[PDB]
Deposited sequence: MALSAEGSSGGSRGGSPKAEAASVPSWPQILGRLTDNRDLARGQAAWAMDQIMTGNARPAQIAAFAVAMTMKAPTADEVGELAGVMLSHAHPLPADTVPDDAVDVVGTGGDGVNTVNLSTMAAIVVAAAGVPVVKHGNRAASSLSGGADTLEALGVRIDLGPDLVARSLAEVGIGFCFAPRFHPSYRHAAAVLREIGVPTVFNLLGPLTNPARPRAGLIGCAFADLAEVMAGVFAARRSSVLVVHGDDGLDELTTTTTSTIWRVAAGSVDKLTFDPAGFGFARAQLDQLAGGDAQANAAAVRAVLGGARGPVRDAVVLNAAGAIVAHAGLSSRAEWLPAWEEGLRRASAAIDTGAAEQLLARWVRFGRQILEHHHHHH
C-alpha cells in the first residue's frame, strides 16, 4: 500500500502525504531499507513541499521508536531541554543557558551532535570544556541525578539515523531533517526552550510539541537567530495545554540594552569554551544578557507545566533565578561538578 515511488511522486506533485506515509518513509530509512538516493529525494521533496506538523511529527515519532530510551523513572517529570535547530548562518548561548537553568535547580536533559549534522550542535563546545558527551542511557540518568544535567549524544542514542545523516551531509544543505534534533530527544522531556532559524518551520515545530502536550517556547529572533535575541524583538510560539499561540517578545520591557548581532557571535568550539568560562565566571556584557534571557526562557517554559503559571511573573522569577545561578557561581560550580562526574566512572 505504501511505496517510495508512491510517496515521492505525491511529494513532487506538491501534495501533503496521507497520514502514515511519512512514518513508513522514516521507518524504511531507520531499518536500512532505503537507498541513499531515496533518502535524498525524500529529504528535499519534503522540504520544498511545505511540511506539516503531522508529517514532521511522524518522522520524529518513528525516529523515537528506534531510539535507546533512558531507564524507567530516571527522567524527572519536569525536565527541560535547551536547544536550537542551528542553521543560523554564534556563541553557544544554548549551552550556557542550559548550565544556568540546571544550576537554578530545573533538571535539564539536552540532545545534540557535533556541528553540521541534522540533529543540532553544542557537543563540540561541551567536549572542549571537558565534559563527556557520549554516555549510554544509564550514565545519562546518573548524571541527571548527581549533577542536575545530562547530555544525550545523538549518534549514541539514534544509531539507525547513521545512514540518513551521511546522506544529508553530502547534499550539504538544510532540509526538513534539521528540525528533528529538538523533536527526538531520547529522554522526552516535557518542557523546553526551542530555537529555530527557519521562521516558517517554527510554527510546525510548535505544533508537533502541542500534540505531545509539552510546555515549550519555540523561539525565533526577528534578526534570524535560533535563540531569543537582544538585537531586537523575537517571535515566540507559546506551546501550552496542547494549544499553540504566536506572540511578539521584546526584552526592552525587562531592561535589556539592545545589542548588535556580531557581539553574540564568532565561535569555534575552543573559543565558545572560553566564552562560557568568561561568562560563568562573571564577565558582564551582551553575551551574559542573552544567556540570562534564554535561561529565563527555559525556566518560564518549566513554570508552564504548572498551568496556574502567569506569563509576566514567570519571566521575572526566571530572570531572577538565572541571574542568581550565575552570580552565586552555582553555574560555574555545576560545570565543574559535571566535568568531575565524567572523570569518576
Unmodelled intervals of the deposited chain, in order: 1 to 23, 113 to 114, 371 to 378
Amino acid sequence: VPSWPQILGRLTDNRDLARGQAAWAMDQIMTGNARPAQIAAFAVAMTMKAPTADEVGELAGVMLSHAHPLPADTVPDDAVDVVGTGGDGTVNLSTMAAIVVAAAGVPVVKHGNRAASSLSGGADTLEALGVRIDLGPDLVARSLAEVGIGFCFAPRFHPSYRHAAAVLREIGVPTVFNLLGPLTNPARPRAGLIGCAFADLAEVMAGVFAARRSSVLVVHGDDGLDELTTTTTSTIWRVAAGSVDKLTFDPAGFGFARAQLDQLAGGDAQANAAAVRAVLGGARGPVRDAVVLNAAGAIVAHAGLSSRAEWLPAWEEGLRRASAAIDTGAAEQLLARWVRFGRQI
From here on, numbers count along this sequence of modelled residues.
Average Cα temperature factor in the PDB entry - higher stretch of 287 to 295, 304 to 312: 304 to 312
Given 213 to 221 and 235 to 243, the range whose Cα B-factors average higher in the PDB entry: 235 to 243
Out of 99, 194, 208, 173, residue topping the C-alpha B-factor column of the entry: 173
Residue of maximum C-alpha B factor among 143, 120, 184, 125, per deposited coordinates: 120
Residue 256 - which third its CA temperature factor falls in, relative to the rest of the chain: highest
Modelled-residue ranking by C-alpha temperature factor, third containing residue 278: highest
For residue 161, the third of its chain into which the C-alpha B factor falls: middle
Relative C-alpha B-factor of residue 30, binned into the chain's lowest, middle or highest third: highest
Third of the chain's Cα B-factor distribution that residue 151 belongs to, per the entry: lowest
